[PDB]
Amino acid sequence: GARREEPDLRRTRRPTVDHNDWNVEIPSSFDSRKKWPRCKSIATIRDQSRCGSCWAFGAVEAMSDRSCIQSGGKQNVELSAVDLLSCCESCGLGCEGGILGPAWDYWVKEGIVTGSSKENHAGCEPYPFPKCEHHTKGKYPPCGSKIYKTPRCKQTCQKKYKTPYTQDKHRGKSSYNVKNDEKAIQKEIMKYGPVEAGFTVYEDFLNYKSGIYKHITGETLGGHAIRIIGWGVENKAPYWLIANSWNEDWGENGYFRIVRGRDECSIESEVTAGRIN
């Protein structure tokens, strides 16, 4: 799935922010869903389906959040995973895995159209692939091991949607990395909204049902990209609160928690976001 950007590219393509000059009280817990309750995207869990497009999902999800947050709720949109997945050439290999950083660069340079889930069939370019169960059982068919081919980049909206593809593009103004630093990540999320991040997947992650995840057993399976929405503490143990893109039947109703403050599975190493203004 998700792979790490070459460090020379990561360093040069965009700035890194740390918020060291910002002397704000950091609350012991924070949930983006609570701070911005009128931004409905923040509480929406998506499904990447049979496609290694986690990199695109973490991106368009955090971007849809930030469009609402940073406009004071004036822009309420659900950005197209398929448009980003199929059209960004510097982001990697579509359904065969991709890279986080360049997706935020792409949002700034070219922008991304609107588009809902397949089932909702709404916006310019809704997702073409159905919901399926990822490493669990539930109401959807199992994903299985087959992977869809990356769709071609189409540059046109579905028939019923009136705004032309180009004019439906929503662009960021800036993209950036966040410093590998717990307090910098917290400051970023509480001020500007959820961020995208990547982490190392071990075999025991695929058995996660509940609790604060930490890697205990099993070999590495690769990388995954997700959306960090807040943080908290349970019985003195600090965690990040994270939206996965494997639908609401996975994990804690689509979400999970993972150890915070110790770069667990490199969770604090590839944080990336950007701003609309």
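Residue positions are given as counts along the sequence shown, with the first one as 1. Rigid core here is just the name for the largest C-alpha set that superposes within 1.5 Å across the two forms.
Rigid core superposition, C-alpha RMS per stretch in 7 other deposited structures of this protein: which comes out larger, 154-162 or 183-191?
After superposing on the rigid core, the more displaced stretch in 7 other deposited structures of this protein is 154-162.
If you average the CA temperature factors as listed in the entry, which stretch comes out higher, 211-219 or 243-251?
Of 211-219 and 243-251, the stretch with the higher C-alpha B-factor average is 211-219.
Practice prompt. Mind pulling up the entry and telling me whether 47-55 or 22-30 has the higher mean Cα temperature factor?
Written response: In the deposited entry, the stretch with the higher C-alpha B-factor mean is 22-30.
Quiz item: So among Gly198, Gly101, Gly172, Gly72, who wins on Cα B-factor in the entry?
Solution: That would be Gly72.
Problem - Peak C-alpha temperature factor (PDB record), options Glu188, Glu119, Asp83, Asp105 - result: Comparing C-alpha B-factors across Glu188, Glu119, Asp83, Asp105, the maximum falls on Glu119.
For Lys40, the third of its chain into which the C-alpha B factor falls = Its C-alpha B-factor belongs to the highest third of this chain's values.
Third of chain Cα B-factors occupied by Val178
CA B-factor rank for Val178: lowest third.
**Q.** Ranked C-alpha temperature factor of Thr114 among modelled chain residues, by third
**A.** Lowest third of the chain for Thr114's C-alpha B-factor.
**Item:** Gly138 - which third its CA temperature factor falls in, relative to the rest of the chain
**Value:** For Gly138, whose C-alpha B-factor we compare with every modelled residue in the chain, the answer is the highest third.
- [ ] Could you look up the Cα B-factor of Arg13 in the entry and say which third of the chain it sits in: lowest, middle or highest?
- [x] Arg13: CA B-factor falls in the middle third of its chain.
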